Amino acid sequence: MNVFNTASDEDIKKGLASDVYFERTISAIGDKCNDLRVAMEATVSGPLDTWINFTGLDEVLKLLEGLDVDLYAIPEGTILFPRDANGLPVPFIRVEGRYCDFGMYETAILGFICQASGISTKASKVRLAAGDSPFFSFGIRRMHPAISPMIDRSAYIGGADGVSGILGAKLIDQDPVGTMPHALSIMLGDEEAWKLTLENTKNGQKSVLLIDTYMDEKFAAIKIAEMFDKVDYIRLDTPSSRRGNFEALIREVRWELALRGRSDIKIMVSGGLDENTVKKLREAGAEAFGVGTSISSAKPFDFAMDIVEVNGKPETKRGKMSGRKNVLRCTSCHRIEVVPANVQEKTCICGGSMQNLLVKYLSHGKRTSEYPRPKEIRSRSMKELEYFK
Amino acid sequence: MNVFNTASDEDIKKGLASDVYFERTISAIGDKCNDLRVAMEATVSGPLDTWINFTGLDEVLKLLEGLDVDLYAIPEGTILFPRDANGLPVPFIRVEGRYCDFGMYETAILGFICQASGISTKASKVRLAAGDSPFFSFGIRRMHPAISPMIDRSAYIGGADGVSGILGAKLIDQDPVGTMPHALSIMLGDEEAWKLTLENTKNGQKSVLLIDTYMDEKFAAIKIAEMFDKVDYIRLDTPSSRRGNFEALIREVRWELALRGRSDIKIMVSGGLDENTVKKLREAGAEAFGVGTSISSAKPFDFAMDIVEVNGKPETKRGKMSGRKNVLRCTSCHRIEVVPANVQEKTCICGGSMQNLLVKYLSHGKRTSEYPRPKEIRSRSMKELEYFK
Amino acid sequence: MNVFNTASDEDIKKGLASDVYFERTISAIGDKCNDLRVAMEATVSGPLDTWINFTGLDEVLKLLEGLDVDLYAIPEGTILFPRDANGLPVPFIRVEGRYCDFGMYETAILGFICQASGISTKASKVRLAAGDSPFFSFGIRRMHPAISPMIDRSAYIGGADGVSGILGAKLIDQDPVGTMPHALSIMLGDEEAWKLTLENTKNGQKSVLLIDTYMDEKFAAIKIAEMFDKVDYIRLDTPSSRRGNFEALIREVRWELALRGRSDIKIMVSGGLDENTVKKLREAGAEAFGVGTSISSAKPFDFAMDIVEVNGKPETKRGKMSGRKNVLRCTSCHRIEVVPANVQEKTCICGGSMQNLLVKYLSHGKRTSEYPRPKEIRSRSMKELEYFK
Amino acid sequence: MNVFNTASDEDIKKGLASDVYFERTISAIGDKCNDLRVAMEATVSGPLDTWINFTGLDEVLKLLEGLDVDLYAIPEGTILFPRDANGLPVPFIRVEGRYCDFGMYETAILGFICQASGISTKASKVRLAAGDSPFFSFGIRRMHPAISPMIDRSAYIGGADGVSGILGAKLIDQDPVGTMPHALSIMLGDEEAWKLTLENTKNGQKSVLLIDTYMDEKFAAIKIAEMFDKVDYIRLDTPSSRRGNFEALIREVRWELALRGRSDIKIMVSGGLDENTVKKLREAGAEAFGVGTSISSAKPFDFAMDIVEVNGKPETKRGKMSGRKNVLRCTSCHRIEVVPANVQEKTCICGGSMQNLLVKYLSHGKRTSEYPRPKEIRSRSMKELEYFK
Amino acid sequence: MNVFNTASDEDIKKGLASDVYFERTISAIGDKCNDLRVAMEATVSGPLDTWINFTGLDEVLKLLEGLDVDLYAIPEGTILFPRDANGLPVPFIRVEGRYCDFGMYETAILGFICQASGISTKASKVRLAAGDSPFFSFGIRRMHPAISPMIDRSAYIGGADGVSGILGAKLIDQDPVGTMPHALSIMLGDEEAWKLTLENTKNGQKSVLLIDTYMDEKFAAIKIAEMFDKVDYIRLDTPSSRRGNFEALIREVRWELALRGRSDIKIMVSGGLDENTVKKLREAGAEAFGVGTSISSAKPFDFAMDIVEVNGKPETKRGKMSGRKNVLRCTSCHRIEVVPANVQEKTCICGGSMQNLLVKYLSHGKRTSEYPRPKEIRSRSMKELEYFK
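Same order as they appear, the protein sequences are chains A, B, C, D and E. Under the entry's author numbering, the first residue of the first sequence is numbered 1, with each subsequent residue one higher. Under the entry's author numbering, the first residue of the second sequence is numbered 1, with each subsequent residue one higher. Under the entry's author numbering, the first residue of the third sequence is numbered 1, with each subsequent residue one higher. Under the entry's author numbering, the first residue of the fourth sequence is numbered 1, with each subsequent residue one higher. Under the entry's author numbering, the first residue of the fifth sequence is numbered 1, with each subsequent residue one higher.
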């Protein structure tokens, strides 16, 4: 109940950010509430034709922390398929406790992991495409502002070297990234715009000049070469209508510059990019990418939360597998096997043993460890993305 | 800077929910700030192969209200194509003032209208498919909770008869919608679950029994017919794996019921639906629909905000059209023509005259009128969706 | 001229099962009949984008046996392409004699080999898909009863481990295969149906319980696990409408059983299967398959019979190759070369020599050997199917 | 147990032409047999994207006649969709009695109607394509001889003007159709072949000369025009390899003939034809067609027989609709509605009333009427095919 | 035998521009030459899925004129399908005489009509797309220069309002068309280039300024508007790489101009155009088009010349129709019927009678009339193209 159409932290914590059928069902259950102990697991119904970079668990802990519940989960940043080596649904988080004690949080738990995971996953695919070349999350504009930080966060953990949102950058503990906008060029003109941008380019930061405002990218690049010297990057955001063959243009610009002994000037591109276009543009000569919508508005995974056990006995609905389970992964070839919770480790054909991946983060509402900061998590993600090409 | 990875109203209002290049550019502009008066228009770069149901303007006013700026816009709920009758980009909102006074809000303005409009638009398409049959927004779970209300809001204005989010329902001033979950059936069993659900079904509300938890939809329907009498709806959420031919199953269930003199029991469906599946299921006999992801995670429109004038003179970048403009619509056949702002009305071939559609909502930061509540807006949308089949 | 619309053995033998143009042409030829000695070869016009498992020759001998004619042929069960290594049409059977003496049998000879070969061939493809897992022919129902045995026969020789037709099973000298039908479950109910089926399951035969009649496959499997112990297979015929994701369901059922220490219970599937679905279901966990229509109604090969020689001189029509020929096959890599009948063997590049494959089965109407029983033939087929993956 | 791999009428009547699970289930049921009265309906699971020309019921009566059972059915020759106006499965035959009394005939009943209906239906589609031009069934060769008559029968009832099988022709009470074969031309040569064929062309029968044996169709037609006069048809069976553009060739031949004042000679075509090719060739000038495989080997409909009632109470499996039903058809626009058996007629929006279509053919095993001969049935079919273009 | 690799008029006239097999066959025929009188017709084997605008006959007369031969033909500019109303090949030219007298010209006759007709036909399709807007042939560059005039000729007759080739323009008796090239802009710069172009724009000719050399089309258009006044057209040839959305750019430019009261300036486009792109660009605002390759390099029709009669008797090869014929066309609905040459007129169902279209142009080598100049012919074409949309 604030200014904008959002739900304050207070609200989501009180369970106001949920489907009423929950408080209504809990309520209708009444006195039986106390005698209903369950274990719910979250699995991905969503896209199964792709691996996933798990993200958003941090928020789940910030929510369940305090309730009398045990919470097991796969570490954020982990990368794996939604189905194990044998097509079994893999559980990403498991919650134990009185149904009534946390049931009203089903809506928010899913929300915290669905959208976030789609984002970090898309980022990861873009990471692979970008190679040793840097790319930054720039899409918060195409989404609601209230969540601008969780997006940059996930995008960062997914592989984005930098981020343009103030709040999000603050969240990941890095300086926001950003270059001069077309606005500056329209108000002052390229000449002044560039000059202003070069003068106000501070610290160990690389200078970048937007050149597609008034003139043709090609001649803008020549003019820039013969007018300013210390310029690290040239950025092209070229309007859809002008983008006949972006790849071709990139080569034209790079040739023009080298011919004038300015091959030292690197080329950056932005606007309407994804794994595909980023890979092709890089192969054409781009060394920096600004990725927006494709990441920030990445379709969410379809996570579902289901009671998988009642008062110690395996119980589920149609389409789900009853019983509490663990997720074993080969410390090598990264083969995964979903097994009943009474099986901790196993022998994986490839490099030794299979150890459980589903870690316990909350015991009786108490954090069982200190939660990693974004940098650490993405550091993990990057190691993990190594196994997928 | 709160508990979850979100941006408080305080934050977005201070301009903390934005790309730093803005505060950095404004700043680099310095003293010139005062002498830079501009007019920016927001147009849709996004999908042009579809009309759009504009939404999220309310939030924009809540943000710009107070700054020395004039704001013109198309009323939320309005339905039209992103390109006018002649392929000209239509401006949805226009802002006038000192660039520095509001420039840092570019990120949030877009965010407030991009995602929201995609949502209400998708809802609208589902509305057309649903016909005189009701459908409800149930997808906040598949998205981040912090925005659960703006989603239900837009989904409602787009055509959704009801909504399941507590906060969102509160926002639109309606009771949240909701039926018994599989959870209840798994914990207590159908028999008790149904009984509990029928007893706790209050007020002028229709009873609805979830029947796909344990048994086959078909026999669950027969059993229900011969065990309880006052039951308004039977809900089928049938697991993907079981959904061989949902349409066929719907007929089976309806025939089985009629044969036992219970054709009075209506059928409701939910889970993985959109315009297409909702139209086919309705034709098969469904009279109520619960729509989730397809709406709540609807891809955002790619709105772009561009300076279209500087200190009274038409000025823009490549790919945009300079000058302030008005959006005229035929009070009849609904033909639209984007024209220069010095043209208020015109003669439209079809039913009389073309009147401006772009209304002025803020004058010097002051609201020029009282803002419609959700119900009113959707009431407008529905009239407007009438013109599109 | 019997009860049903079929042709008795008496009839086909008298030449009543044929196109009249034959008896009419023979007749119109008159006295010249005696001086018309020809050699006709049967080749496949039909699908050339697939190999074929020859079948139905046995019936041809039962027909031509007794007439003054020499008959050469490729052994049933042989597997090869319709075109040799050089795209030459391969002759499967060759008949020598007075045109008038056997000409009226052209219709029945083709019929005996066209449909049968399509059947055994389809079975063979299913055999490859089934792997070391058993599958049975169950499709006679989808075809005319009068031929129910020749179908099971061919299906068996093609690779089917068992067969459900009484007559056909008798023909191949094996016990018919069969499990309890939905009918039993509908009349008595699962509980009694299963019990009855387990009690009446005799000899060294595996018990199999149909579980998709009333309840969900998943819970039917659990219930069965906790009610009966000595149950070899669980059969799922799941109705199209319920078969959302058969593969997924198979895993659900297998997991549910293993969790309850009943992974000893094997899973069998049936209904609407072919090479494709059988391969995917097996990979999902199925160890037994019941295949119907796809085999029993397999499209027939388009065999054509053509006079390839008249009174010792090479003679044919357009589209055919004149002269009597032999079909040489490499005793190794199985390369085939159609050559003129005066070439018995040759040197095949790969493993030694190429020996003739076209054997003489009838000399002056007299069988030149004892004809193999079905078991022997399929034993040959299986060796031969080994060369095709 | 006869010479060929077929099942004698004696056999199918004793129930030897069936899946053993039947006699085994009946048997296992024992004494309960007497107290098990059921009603089974046959519906089409098969292709639902096409109407069907029902055929093969005659054989079903010849089988059930004598048993204490009531049999209702839709008249052979009737043409309708497998799903009624509301997507409800339409029952083609219904059988009432003690399950044990007729259960073992499930296999043969389906077989008698599955394959036959596919055949007559395909014929019907070819009928529509052929227009006022005649076409004949010539495909028994591509199928097993034992069933050669039931094929010609169904093909005839489906719309075929004539038939080439001796037995089948006898069955429908018409003279077999037939023209001179390539064999005659290869043995004697065109010149003699034609002469022989013209001389032995008797009664009110049209002469037809096969011309694609040795020479080019074009010149064969010219030669024929200038050598013989009374020749009704010229037949072209042109070998696949020679059939570059059959339609073009047809025009060439027709032009060549007209130029030589012999446009009186009609053109007939044969070999590898179906609805499509027959329609295109007719439009090119063909006035007679010989259709084979496409009809005789037409894929069978997937009919399924299911107990729909036990001892007076509605009972079925998943995927089926319980209760006995009638099939009402509008005596006008031919709209169909499946309704519960206690509803005989109804009011159809279009031309008056909807009368039941499911007639009772057997009462206590006794025929309730005289069964139509093929000619009558096809006479009905043709009236009925009128409603489908 | 001249400088370039071409064949002088002298050469083609001596029969040096042909396949040797001709002079070699004529020669081998020897004395029989005198007694070999034939009639050859030219028909289109080529694309039959399109009508054709006949062209190049003029050249055929210039070649056969003088030989003792009669030549009948369809007038250039005539538009019709290669197959008549009944799929009969339509003869475009017919030649009568001693085979040896003109046989060596088969190669050149085809060449004169094949390529030319493809060109004029493609032009015609572009004409339809261009509407009341002018388009000019500009593609001779993409083809060999020796034929530059016959291309412009055919392109003109096909519908092109103007032509850029000097020789070709001279041939059609019109002034060549042409605008300033990028070359001028690169050497002098836009400013000077435009000025020079406006000053040297003479007579009743419209001024046109190429604007895509250095700057963005958009700003080039604004700059031009505010610097020069009397400028009829602005031409955009926009480089593939820059042509992101040509249609969008066209609107941008037109809006920019109108906003500055210069909507009087028309827009012209060129480079890589055909029916499709010309229709879409016109709908976007283009009023002038320069079409190149698509027309000048239009695939040639596959005309074939065949002896259709020898010494008065109908004679041909396989795939052709013997006898001399006339081509009748309905003076109304333009239905065409190929009929034997002894049929001059006929009754056409639609508007009266069908008159012969195949006119006699040469009698004994003597022109039977004065040949139309290009303007007249295209005047005819345009009337005729009216009947095809």
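We put the CB at the ideal spot given by N, CA and C, even for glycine.
Through-space distance from residue j to residue i, alpha-carbon basis
i: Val90/A; j: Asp152/C; result: 43 Å
i: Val44/A; j: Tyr21/A; result: 22 Å
i: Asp306/C; j: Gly118/C; result: 20 Å
i: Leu257/D; j: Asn326/E; result: 18 Å
i: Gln205/C; j: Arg235/C; result: 15 Å
i: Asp274/A; j: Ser294/A; result: 6 Å
CB contact check: residue i to chain A, cutoff 8 Å
i: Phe4/B; result: yes
i: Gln115/B; result: yes
i: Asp68/B; result: no
i: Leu249/B; result: no
When the options are compared against residue i, the one with the closest alpha-carbon
i: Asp35/A; options: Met321/A, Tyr99/A, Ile307/A; result: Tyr99/A
i: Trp255/D; options: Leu198/E, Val338/E, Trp194/E; result: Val338/E
i: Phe301/C; options: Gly292/D, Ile224/D, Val231/D; result: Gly292/D
i: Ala220/E; options: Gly204/E, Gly244/E, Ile267/E; result: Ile267/E
i: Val269/E; options: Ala288/E, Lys383/E, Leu196/E; result: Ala288/E
i: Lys125/E; options: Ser369/E, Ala42/E, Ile157/E, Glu106/E; result: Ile157/E
i: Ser18/C; options: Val359/D, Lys170/D, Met227/D, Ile140/D; result: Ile140/D
i: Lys313/E; options: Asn200/E, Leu210/E, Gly323/E; result: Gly323/E
Rounded Cβ spacing between residue i and residue j (contact assumed at less than 8 Å)
i: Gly165/E; j: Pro181/E; result: About 15 Å; that fails the 8 Å criterion.
Test: residue i CB closer than 8 Å to a CB of chain D
i: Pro374/E; result: no
i: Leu128/E; result: no
i: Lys279/B; result: no
i: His364/C; result: no
CB contact check: residue i to chain E, cutoff 8 Å
i: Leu88/B; result: yes
Residue i beta carbon near the ligand SAM (any heavy atom closer than 7 Å)
i: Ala225/C; result: Within the structure as shown, the ligand SAM is missing, as the structure has no ligands at all.
Contact between the region 214 to 224 of chain B and the region 55 to 74 of chain A: three or more CB pairs below 8 Å? Taking 8 Å as the limit for Cβ pairs, the verdict is that the region 55 to 74 of chain A does not touch the region 214 to 224 of chain B.
Does the region 241 to 254 of chain A come within contact of the region 235 to 245 of chain E, defined as at least 3 CB pairs closer than 8 Å? Touching, yes.
Taking one C-beta from the region 174 to 188 of chain C and one from the region 25 to 35 of chain D each time, how about it: are there three or more such pairs within less than 8 Å? Enough Cβ pairs lie closer than 8 Å, so yes.
Under 8 Å, with one C-beta from each stretch per pair, do the region 363 to 375 of chain B and the region 66 to 81 of chain C reach the 3-pair mark? The answer is no - the region 66 to 81 of chain C does not touch the region 363 to 375 of chain B, with fewer than three Cβ pairs under 8 Å.
Given 8 Å as the limit, is there contact between the region 359 to 369 of chain B and the region 330 to 345 of chain B, that is, 3 or more CB pairs closer than that? Touching, no.
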